[PDB]
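Chains, contacts and geometry: an overview
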Amino acid sequence: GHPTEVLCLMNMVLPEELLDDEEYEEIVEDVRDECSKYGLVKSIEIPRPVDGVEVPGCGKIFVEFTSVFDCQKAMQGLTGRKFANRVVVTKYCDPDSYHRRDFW
């Protein structure tokens, strides 16, 4: 709906793929590098799974840009792009919710 400077990338990761530090770090770098083609990436949040503990937003990628315009360019460039034989699905994330790490 309402465009923000925070992009949420869905359908890109399985929780299993975020357990090992090396794999998690590689996903963070790959995400940053792809998003950097559209604007300045201020920060990234990829909630990691903890088996038996609820982790809201796990399986989702949150990328904060330095402007709303750069985020909208990222949403245009990434939405519908094929990744891991799937379809990248997106949404805007509330900036306040992002900073207080209140994901869904």
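As a numbering rule, every chain is indexed from 1 in the order its sequence is written, which need not reproduce the entry's residue numbers; residues that lack coordinates are not presented. Only hydrogens and water are removed before side-chain values are computed, so all heavy atoms of the structure are retained for them.

The record names X-ray crystallography as the way this model was obtained, at a resolution of 2.1500 Å.

The PDB entry annotates the protein chain as Splicing factor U2AF 65 kDa subunit originating from Mus musculus. This entry carries the title "Crystal structure of a RNA binding domain of a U2 small nuclear ribonucleoprotein auxiliary factor 2 (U2AF) from mouse at 2.15 A resolution".

So, on to the sheet that holds strand β3 (residues 61-65). Here we have four strands laid out as an open sheet, ordered β2-β3-β1-β6, and antiparallel in their pairing. Because the sheet does not close on itself, it has two edges, and the strands there are β2 (41-45) and β6 (89-93). Within this sheet the neighbouring strands show an average axis-to-axis angle of 25 degrees, counted without direction. Alignment of strand β1 (residues 6-10) against β6, held across five bridges, turns out to be antiparallel. Along β6, the bridge assignment pairs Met 10 with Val 89. In short, DSSP must find at least two bridges between two strands for them to pair. Per the convention used, a helix needs a DSSP run of H or I reaching at least four residues, while a strand needs a run of E reaching at least two, with both numbered from the N terminus. As a rule, the C-alpha atoms of each element are fitted with a line to give its axis, helices using only the stretch in contact, and angles between N-to-C directions run from 0 to 180 degrees.

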